[PDB]
Peer 1: 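Questions regarding the structure given below will be posed in turn.
All chains are named by letter (A, B, ...) in the order of the sequence lines, taking the proteins before the strands, and each is independently numbered beginning at 1. Indexing begins at 1, ligand by ligand and atom by atom, following the structure's order.
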Amino acid sequence: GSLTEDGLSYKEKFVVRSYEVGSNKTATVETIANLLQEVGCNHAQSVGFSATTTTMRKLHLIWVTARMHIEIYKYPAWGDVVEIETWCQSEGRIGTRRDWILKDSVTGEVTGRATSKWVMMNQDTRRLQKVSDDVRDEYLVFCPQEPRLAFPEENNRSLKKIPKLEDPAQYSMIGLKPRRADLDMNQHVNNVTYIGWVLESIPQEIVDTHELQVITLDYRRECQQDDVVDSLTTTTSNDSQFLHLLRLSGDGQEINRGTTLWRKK
Amino acid sequence: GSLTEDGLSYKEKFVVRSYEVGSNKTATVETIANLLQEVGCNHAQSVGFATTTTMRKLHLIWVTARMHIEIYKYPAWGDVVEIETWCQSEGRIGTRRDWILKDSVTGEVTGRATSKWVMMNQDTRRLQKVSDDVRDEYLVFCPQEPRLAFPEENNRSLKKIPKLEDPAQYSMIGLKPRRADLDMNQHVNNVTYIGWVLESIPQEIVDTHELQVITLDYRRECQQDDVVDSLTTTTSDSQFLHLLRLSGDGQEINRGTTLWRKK
Ligand SMILES: Cc1cccc(NC(=O)[C@@H]2CCCN2)n1
Ligand SMILES: Cc1cccc(NC(=O)[C@@H]2CCCN2)n1
């Protein structure tokens, strides 16, 4: 792991582990999501962070994921080396954006890519707020000035509006509770757990015969350690499209909504 | 990762990750358990393999019967941990795999583990003893003299574990494995059972104590569509008796003990 020559992006190589792969002997989307999270943490640390700025720590402010979009072309196999390059960019007063590029270390080809939108939030009240000018100047020195997008395209699927799943759902997984392994160092539910929960309502036959190509997730609320979640899915469509919804088992309070795209093996 | 000079043990270094640590910014016991599992896989791959030639022919696999882990120091986020692992034959009973955990900077032993594996027909799940034809093909990869991570006589790794009596002091019910809890063969990962056992331990004990020892006896395998109940009772430092059983019929899948020290 190290910053590039300009110090405006970070790269890191990972060797895929035995417990990180699924039935096809290739990394699961949750292993990929964990690796993107790890390379992002190492980028923040290499440029002197802990990724709250000095003004953010004084004002009790944190960065929270509002959207996560992951597109995979090839899943690295058990024992393969994957190289991930990551960088951040300012999106004015709306918040920050973090992008990733996944490459096979042997061939050098792009085997995946991801984009995420982060919004500023008061750690205590959970009220979102626009990025002030004092905060923007502290993280602009670590971002490229010209726009560098993992999903540049004229009409990329990373900025598409996601509708709300209508009851009844076609498929469902009820009673999902996070355990201690699902909590981070700050005792909050890890963002990768929501991905695993969304995919729990997808039938095992679809998983066994299709590969996950795209996943877009919109985060609306955070799930607590003592909260129970219901995962809901409906087919919207070789390819297979699904609409997803995560809500609290009790009151039905929405925590997440998303879409997945799968292709035939 | 590489075998040692004699080719009778394997070493590998790991840099502790952000998502691998708990609230005290040190690796969880499940991260340690996953790393031991990974170094064991890499040892088997480096010597030409889990199943052997005459084991695939007879549909036979190795299954964990017991896991015993003792931790002195939990590696912190960003630290390098070196793990050395080796196997040994235990006659016709089965195989044993041992591990030594060391801080890569200080060279100090910060943990150690031992596990007992029994032979089983993959299809019928019947145990049966080890034959001499399989013993000879794995003896060339094991030290001949006994090399034990837990040498001391009358140690915590070979102690009989009793069955938890109802009612349990603490409990966590309705535990279901997800796809992330399944390995490449769609079986529940043995590290998930550790996480499930520790779910019935109260959060106050976790927040004020550190896990020093964990011993687990595996009796039955949990299926993907099975639901588990985790039960705990204080037997005492803090000692606990544990039991994992199926939520329905109450069929025992695991039993164990944990030991915790005040921070
Ligand atoms: C965008 C996003 C992601 C995750 C959590 C949240 N928000 C909250 O947890 C609470 C709900 C009321 C407002 N803030 N927002
Ligand atoms: C020692 C051990 C560990 C894990 C599973 C099993 N055995 C079984 O799954 C079943 C139970 C009775 C027939 N074999 N044994």
Side-chain angles (χ1 to χ4, degrees), chain A residues 60-69 91 94-98 116-131 162 178 184 186-195 197-198 216-225 227 229 246-248 251 253-258, chain B residues 50 59-68 90 93-97 115-130 161 177 183 185-194 196-197 215-226 228 244-246 249 251-256:
Chain A
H60 266 86
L61 303 172
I62 62 163
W63 289 113
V64 184
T65 298
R67 195 187 252 246
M68 175 68 137
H69 176 82
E91 288 194 336
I94 292 172
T96 44
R97 190 193 75 245
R98 181 177 281 276
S116 71
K117 301 219 175 323
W118 301 72
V119 292
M120 210 159 69
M121 186 172 98
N122 183 284
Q123 191 158 16
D124 308 310
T125 66
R126 297 196 206 129
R127 293 185 60 82
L128 303 181
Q129 57 172 75
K130 308 273 97 55
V131 179
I162 309 169
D184 64 12
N186 307 133
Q187 275 165 295
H188 281 222
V189 172
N190 201 285
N191 291 322
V192 177
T193 296
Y194 299 95
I195 293 171
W197 283 341
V198 158
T216 311
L217 232 54
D218 277 17
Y219 298 81
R220 202 175 197 87
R221 201 164 297 261
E222 84 160 352
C223 169
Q224 256 84 280
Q225 189 191 144
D227 272 352
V229 166
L246 282 191
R247 69 178 177 206
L248 299 179
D251 62 339
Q253 175 76 76
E254 181 189 347
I255 82 165
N256 261 104
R257 73 169 65 177
Chain B
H59 281 85
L60 262 30
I61 61 170
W62 289 112
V63 184
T64 297
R66 195 181 181 116
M67 175 67 136
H68 176 82
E90 288 194 336
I93 293 172
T95 284
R96 191 193 74 245
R97 181 177 281 275
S115 71
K116 301 219 175 323
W117 301 72
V118 292
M119 286 245 69
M120 180 179 99
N121 183 283
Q122 180 160 193
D123 307 309
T124 66
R125 299 200 267 251
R126 293 185 61 82
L127 303 168
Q128 300 168 126
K129 302 211 296 150
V130 182
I161 308 169
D183 64 12
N185 307 134
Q186 275 165 295
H187 281 221
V188 172
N189 201 283
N190 103 127
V191 176
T192 296
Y193 299 95
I194 293 171
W196 283 341
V197 158
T215 312
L216 232 54
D217 277 17
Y218 298 81
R219 202 175 197 87
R220 201 164 296 261
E221 159 186 78
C222 169
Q223 318 294 90
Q224 189 190 145
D225 60 350
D226 273 352
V228 166
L244 282 192
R245 69 178 177 205
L246 298 179
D249 62 339
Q251 176 76 274
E252 181 188 346
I253 82 165
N254 261 104
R255 73 169 65 177

Peer 1: Please list the nearest protein heavy atom to atom 11 (C) of ligand 1 with its residue and the distance rounded to 0.1 Å.
Peer 2: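 Checked against all protein heavy atoms, atom 11 (C) of ligand 1 sits closest to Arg221(A) NH1, 3.5 Å.
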Peer 1: Taking all non-hydrogen atoms of both residues into account, name the closest pair between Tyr219(A) and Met68(A) and its distance.
Peer 2: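 Minimum heavy-atom separation between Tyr219(A) and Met68(A): CE1-CB, 4.0 Å.
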Peer 1: Any side-chain heavy-atom pair from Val130(B) and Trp62(B) closer than 4.5 angstrom?
Peer 2: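 When only atoms from C-beta onward are counted, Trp62(B) and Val130(B) do touch, with a gap below 4.5 Å.
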Peer 1: Which heavy-atom pair separates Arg221(A) from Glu254(A) by the least distance, and what is that distance?
Peer 2: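 That closest heavy-atom pairing would be CB-O, 3.7 Å.
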Peer 1: If you count the atoms of ligand 1 from 1 in the order shown, which ones are under 4.0 Å from a heavy atom of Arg126(A)?
Peer 2: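 Close to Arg126(A): 9 (O), 10 (C), 13 (C), 14 (N).
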Peer 1: How close do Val229(A) and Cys223(A) get, heavy atom to heavy atom, and via which atoms?
Peer 2: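 Scanning both residues, the minimum pair turns out to be CG2-SG, 3.8 Å.
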Peer 1: Nearest to atom 9 (O) of ligand 1, what protein heavy atom do you find, and at what distance?
Peer 2: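 Going by distance alone, atom 9 (O) of ligand 1 is nearest to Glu222(A) N, 3.4 Å.
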Peer 1: May I ask whether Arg220(A) places a heavy atom under 4.0 Å from ligand 1?
Peer 2: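 True for this residue.
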Peer 1: Which atoms of ligand 1 have any heavy atom of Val64(A) under 4.0 Å away?
Peer 2: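 Near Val64(A), the atoms of ligand 1 are 3 (C), 4 (C).
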Peer 1: Please write down residue, atom name and distance for the protein heavy atom closest to atom 1 (C) of ligand 1.
Peer 2: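 Sorting protein heavy atoms by distance from atom 1 (C) of ligand 1 puts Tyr219(A) O, 3.3 Å first.
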Peer 1: Using a 4.0 Å heavy-atom threshold (strictly under), name the region of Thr64(B) that reaches ligand 2: side chain, backbone, both or neither.
Peer 2: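 The backbone, only.
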Peer 1: Look only at the side chain of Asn256(A) and the backbone of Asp218(A), and say whether a donor-acceptor pair between them is shorter than 3.5 Å.
Peer 2: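 Side chain of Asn256(A) to backbone of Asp218(A), a donor-acceptor pair under 3.5 Å: yes, one is there.
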Peer 1: Answer yes or no: is there a donor N or O on one side and an acceptor on the other, between the side chain of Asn185(B) and the main chain of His187(B), under 3.5 Å?
Peer 2: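 Not a single qualifying donor-acceptor pair exists.
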